[PDB]
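# Topology and contacts: notes
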Amino acid sequence: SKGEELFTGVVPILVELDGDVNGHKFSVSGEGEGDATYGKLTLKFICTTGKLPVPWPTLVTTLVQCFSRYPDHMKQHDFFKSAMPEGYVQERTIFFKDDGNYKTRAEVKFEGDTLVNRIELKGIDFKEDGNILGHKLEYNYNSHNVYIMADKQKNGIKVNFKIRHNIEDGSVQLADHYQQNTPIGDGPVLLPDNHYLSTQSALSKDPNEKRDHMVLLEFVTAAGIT
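Residues numbered from 1 in each chain as written, not as in the entry; some residues may be left out. Heavy atoms only, no water. Residues with missing side-chain atoms left out of burial classes, pairs and counts.

The deposited coordinates derive from X-ray crystallography, with the record listing a resolution of 1.5500 Å.

In structure tokens form, the structure reads like this:
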């Protein structure tokens, strides 16, 4: 397909987020590369306003599902690439169990050769000494299933999944994700049958970087059809 051809090689990625969580304003800028042939993302994110007021792991899902590997037999179900280059709007509510929530609105599209994710995040009702504002979450990341269904009413998709963030005491901080994507073009998109993405992410630090930052390596594969 048209969208599909844009992802056959390595594509540069830019991520720009503006955030306000319980009145704590911040910005994050990210750069890296995606190679959808292998479901692979490598990015480095910098908090450009100083110290990030939430834990880095809580931003991973917000900070380009077009880089998922769709098996050849599932390629007709790849909404994300089908929307390109004009792109899509991705909206979420993320409910942190026994704590606040993020609401996000992003536009993902090509700007020239570069795949760009521009995001607005608003966080409310957080406890100032909870796991998020209290910075009680481990700097690591678990592997998840991301469930996708068509939303024909909006020529888009609905997505839901549960992120488990490890707490420093050994417990888990659940983050329930509800998501919708809709194309920016008037152009056609692939509306998928039910399926899921299998994800894994590894978080690290650049030992030479003194700014507050996150290095991310991610692999994602579409599944659940045969």
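On we go from here.
Let's shift gears to the overall build of the protein chain. When helices and strands are tallied, the protein chain shows two helices and eleven strands. The order of α-helices and β-strands along the protein chain, N terminus first, is α-β-β-β-α-β-β-β-β-β-β-β-β. Relative to the 2.2 N^0.38 estimate, which gives 17 Å for 226 residues, the radius of gyration of the protein chain is 17 Å and therefore close to what a compact globule would have. Its C-alpha atoms put the protein chain at 50 × 35 × 30 Å along the principal axes. (Helix = DSSP H or I, 4+ residues; strand = E, 2+ residues; numbered from the N terminus. Rg over C-alpha atoms; globule rule 2.2 N^0.38 Å.)

For the rest of this paragraph, the subject is the sheet that holds strand β11 (residues 213-223). Strand order in this closed barrel of eleven strands is β1-β2-β3-β11-β10-β7-β8-β9-β4-β5-β6, and the pairing throughout is mixed. The sheet shows a mean angle of 20° between the axes of neighbouring strands, direction not considered. Alignment of strand β8 (residues 156-166) against strand β9 (residues 172-183), held across ten bridges, turns out to be antiparallel. Within β9, the residue paired with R164 across the bridge is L174. (Pairing = 2+ DSSP bridges. Axes fitted to C-alpha atoms, helices over the stretch in contact; angles between N-to-C directions.)

Another point: the pattern of salt bridges. Here the structure, examined in full by the defined rule, presents ten salt bridges. Its salt-bridge partner being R105, residue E107 comes within 3.1 Å of it at the nearest N-O pair. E107 sits in the partly exposed class, given a relative accessible area of 31%. On the basis of relative accessibility, which here comes to 37%, the residue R105 falls in the partly exposed class. Its salt-bridge partner being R211, residue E209 comes within 2.8 Å of it at the nearest N-O pair. Its relative accessible area of 13% is what places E209 among the buried residues. (Salt bridge = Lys/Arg side-chain N within 4 Å of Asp/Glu carboxyl O. Buried < 20%, exposed > 50% of the residue type's maximum accessible area, 1.4 Å probe, protein only.)

This brings us to the side chain of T58. Within the secondary structure layout, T58 lies in the loop between β3 (40-47) and α2 (79-82). Judged by its relative accessible area of 2%, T58 falls in the buried class. Within polar-contact distance, the side chain of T58 engages the side chain of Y102 at 2.8 Å. Leaving out residues up to four positions away in the same chain, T58 has contacts with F96, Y102, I132, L137 and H165. (Polar contact = N/O pair within 3.5 Å; in protein donor to acceptor, adjacent residues only side chain to side chain. Contact = heavy atoms within 4.5 Å.)

A few words on unusual backbone geometry. In this structure, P85 follows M84 across a cis peptide bond, with omega equal to 5°. Mapped onto the fold, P85 is located in the loop between α2 and β4 (88-96). For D125, which is not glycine, the phi dihedral falls at a positive 65°. Looking at the secondary structure, you find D125 in the loop between β6 (114-124) and β7 (145-151). Its relative accessible area of 59% is what places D125 among the exposed residues. In this model, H135 sits at a positive phi of 50°, which is unusual for a non-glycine residue. Within the secondary structure, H135 is located in the loop between β6 and β7. You can call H135 partly exposed: its relative accessible area is 38%.

Two elements, strand β1 (residues 11-21) and strand β2 (residues 24-35), share eleven bridges in a ladder whose sense is antiparallel. Looking at the pairing, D20 lines up with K25 of β2. In this structure, the hairpin formed by β1 and β2 is closed by a connection of two residues, where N22 is found at a positive phi of approximately 50°. Where β2 folds back onto β3 in an antiparallel hairpin, the turn is made up of four residues, including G39, whose phi is positive at roughly 65°.

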